[PDB]
Every structure is written in C-alpha cells, then in structure tokens.
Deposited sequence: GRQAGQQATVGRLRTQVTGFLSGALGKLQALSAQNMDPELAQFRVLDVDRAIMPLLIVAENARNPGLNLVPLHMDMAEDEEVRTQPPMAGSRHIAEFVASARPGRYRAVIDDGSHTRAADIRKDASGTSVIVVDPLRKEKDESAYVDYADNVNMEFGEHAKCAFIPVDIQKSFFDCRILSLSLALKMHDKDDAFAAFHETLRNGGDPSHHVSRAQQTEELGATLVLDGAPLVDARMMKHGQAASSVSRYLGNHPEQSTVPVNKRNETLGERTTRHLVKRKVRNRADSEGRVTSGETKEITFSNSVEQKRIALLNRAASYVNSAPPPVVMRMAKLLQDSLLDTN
C-alpha cells in the first residue's frame, strides 16, 4: 500500500509543478497581448523568470546529459537592500560551490544582484577555472578560482539576461571542446604568450558564441512541462521543493 501511498504524494507534487508551468505559459501569453505595454510586460516577466528558471534548469539538464547547469550567485545577491531580486530557488553562493562541488565540468547562470550571466566552470585537482560570458553591446582587469570574462556582441539586458544566459549555457555545452581548450589556456598561466593567447582565444570564443527571448522562453517552458510529465519521482520531488521555495 505504500507503493501506492507514496505514488499519491508524487502525483500530487507532479500536478503542482505541471499546473505552475502551465500557469506561467498562460501569464506569458497574456503579457504578449496586443493591448499590453511592453515595459509593463518586462517588469511582470521578472517574477515569472525568477520562478521558472530552476525548473527550466532541471529539465534542460535532463534533456542534455552533460550540460550540468547550476544556478550560482555572488555576495551582492545576498544583500536584501541592494539586490533587484533575490536569487532564484536552489541558488548557491559561488564560493560555496567552488569549495564543495564534485570535480568536473559545469555550466552555470551567475546572478550578481543585478544581472545574470552564463558561465563554464571546470573543477580539477589543479584548481577551478570560471569562464563568464559578458554581453556588453574594464580593459586588462582580472577578477577572482581563476575567472575570465568573454565579451560578446549581445545586448546587455536586465530583463532578458536570465533566459539569454540559459540559452548561452546551452550553446556553451554545444561548444564544449572550445571552452575546454580555453580552460587549459587559462590554467597554463606560465606560458610567455599566455596573455596574448588568452586574449586571442577570448575574441575567438566570443565569435563562436554569437554565430527571440520571448520565443525561447516559451519553448523552454514547453520542454520543461513535457519533461515534468514523464519525470521520475526524485526529480518531481526536487522540482516541487524548488517551486515551493520560490514563494
């Protein structure tokens, strides 16, 4: 009876998650009405995006084994007075992640309290390197374990950066080897032409990354919902917990 007694709870949570994603789709459809003020739509979509991003991340991690997307945030995202929005549910401070994460290859969306950016992270015994994609459409400034920023010809957008960062993370997964190469370059700090090579590669990476937000969001939601239908009980419990936490 407990195979059933537990199947009821799972079905319940599953229906919660499904109903939520469907509700989000509804809101998005209403916000894209001919009547709607687009600025108002952006403002409204802030909360929608914050709420659905964890679920999108879970789903997309399932659909693309190896993506290993993790939501991360920085110090300013923990300042209640300054941050525009609280970090999404399940978000971890980047420090804690660097210290605790199982070694390997990750994609990330990093929230700094204002904007979210895509990133590729590699944790070795050698150390950890973080490659941050930075939509700019600070010369010779480095930050920190090793971090490198790749300037890309993409409009920096407060309202679009979550979905855009998700998309870019997917593309980084698609260009896994290029980013691995840059990780090795970033690790090989010793080489005399490092500074050049790095910079060179930076440019190149940028290009490969740039080679609508609304449509992408819709598609991601559909994929997420259809995944939630067939999703296993652990995943269901997880997503449900994230959803509950977001409120």
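Of the deposited sequence, the ranges 138 to 150, 158 to 159, 227 to 303, 340 to 343 have no C-alpha coordinates according to the record.
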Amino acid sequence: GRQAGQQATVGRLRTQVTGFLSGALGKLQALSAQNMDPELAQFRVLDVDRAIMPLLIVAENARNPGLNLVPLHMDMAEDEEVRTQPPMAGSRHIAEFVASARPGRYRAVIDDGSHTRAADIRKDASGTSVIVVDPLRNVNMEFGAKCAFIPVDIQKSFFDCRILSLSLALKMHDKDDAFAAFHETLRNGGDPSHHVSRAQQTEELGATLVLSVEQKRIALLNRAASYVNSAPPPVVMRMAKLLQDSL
From here on, numbers count along this sequence of modelled residues.
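Higher mean CA B-factor, judged across 227 to 235 and 12 to 20 from the recorded values: 227 to 235. Remark: stretch with higher mean C-alpha B factor among 33 to 41 and 52 to 60 is 33 to 41.
In the PDB entry, the Cα temperature factor peaks, among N138, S91, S157, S167, at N138.
Remark: of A77, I150, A145, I163, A145 shows the highest value [criterion: C-alpha B-factor in the PDB entry]. When the modelled residues of the chain are ordered by C-alpha B-factor, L243 sits in the middle third. Ranked by C-alpha B-factor against the other modelled residues of its chain, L221 falls in the middle third.
Annotation for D124: CA B-factor lies in the highest third of the chain's modelled residues. Among all modelled residues in its chain, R105 ranks in the middle third by Cα B-factor.
Per-chain ranking of the deposited C-alpha B factor places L46 in the lowest third.
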